[PDB]
Each structure stands twice: as C-alpha cells, then as structure tokens.
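One chain comes next, on its own, written as structure tokens: the form deposited in one PDB entry.
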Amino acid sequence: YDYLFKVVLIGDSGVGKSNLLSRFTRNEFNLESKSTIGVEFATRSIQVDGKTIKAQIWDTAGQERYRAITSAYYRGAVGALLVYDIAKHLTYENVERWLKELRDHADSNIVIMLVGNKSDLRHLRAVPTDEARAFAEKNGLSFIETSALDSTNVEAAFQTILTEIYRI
C-alpha cells in the first residue's frame, strides 16, 4: 500500500457502527450483534486516485456513561464516520455531542462524514434526508445514507471519506 489512513467509527449505541465495519472489511453482517467490548479495528485496502490506501477502521461502543472514549482512541485518525440511525431521532440529536467529542479529543482537521445508517428502514424514518444533508453542509461535514444490511452506499461511504482525506 501507498498510504495508511486511520478512520474511527463513532455514534450512539445501536446505530450500526460494528456492522458498517464488518460489511466494509469482510462483507459480513449480523442481525444479532452485541454491544462492542473494548476497542476493535480492521483493515481493507482500496484504490483512491490511482493509489492503494490501506484503511484502518477503528470501532468501540457508543455508550460512555462509566467509561469515556479518550484521545488515545482518536490518535492518528484522519477521518471519522459519525453514524446515526435514520429510524431513531435521538441518535441524530446526539450528533452535536459527538461533534463536541471530536473537537475535544480528535485532530482539528479530521475529515468528518455524517452517516445516516439503516436506510433500508425508510418506512420507519425519523430523520429527513434533506434536514441531515443541510445540517452537514452547514457544519462542514460530508453526508451519506447507508445500509449495512443491504449494502447500499457502504463502499461509497468509506471510498468517499478516504478520497476526501487523500485530497486535503
């Protein structure tokens, strides 16, 4: 590979972070996945502007009550996938909180992609696509909706953020 880019997954418990990771790196999905224990990471190489980018994707539980995610989790990260669940409005309301965590614990110029996951649950949607896109636009974030379940836009989400990082 030509470059190694560390990218972190963050977002509330249950939004689909671990399945976004497994879908992208192993093409695997699990309806019966449990809350993540400690910290995990996995890799996949992809082509970006004629270069081979080894994407090192980090993952951890969204809940931070007794245990808060430290600057060590974010160290070296050049991107963050900030994931919410399109069918749960609270997870979108908490995006502001995750942005604060990034400001507190992550690099100043970390590339942020706001990810509305579970787009296959369109019939249960609680967060309008236009509102989220507008919010992203107004806060200097990229935006995409994904479904780890049916694979829609998962490759595109990672390919796009890794492209934006490469092109900084």
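Residues that one form lacks are left out of the comparison. Note that residue numbering begins at 1 and tracks the sequence as displayed. Whichever C-alpha set is largest while still superposing within 1.5 Å between the two forms counts as the rigid core.
126 to 134 and 56 to 64 differ in mean CA B-factor, and the higher of the two is recorded for 126 to 134. Mean CA B-factor, 8 to 16 versus 143 to 151: the higher value falls on 143 to 151. Sorting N109, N27, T70, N117 by the CA temperature factor given in the entry leaves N27 at the top. Residue-level temperature factors show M113 in the middle third of its chain, judged at the C-alpha atom. Ranked by C-alpha B-factor against the other modelled residues of its chain, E101 falls in the lowest third.
In what follows, reference is made to the form deposited in another entry, a form of this protein that is not presented.
Superposing the two forms on their core leaves just one of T43, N109, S35, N139 with a Cα displacement of at least 2 Å between the shown form and the other one, namely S35.
The two forms, fitted on the rigid core, differ between the shown form and the other one by less than 2 Å at the CA of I57. Here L124 does not count as shifted, since its C-alpha moves by less than 2 Å between the shown form and the other one after the core is aligned.
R67 is among the residues whose C-alpha shifts by 2 Å or more between the shown form and the other one once the rigid core is aligned. Annotation for the pair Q56/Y66: C-alpha atoms approach each other in the other entry, by 3 Å or more compared with this form. Legend note: Cα of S35 to Cα of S18 is at least 3 Å closer in the other entry than in the depicted form. Segments displaced between the shown form and the other one are 2 to 4, 34 to 36, 62 to 69 (runs of at least 3 consecutive residues, each Cα moved 2 Å or more after rigid core superposition).
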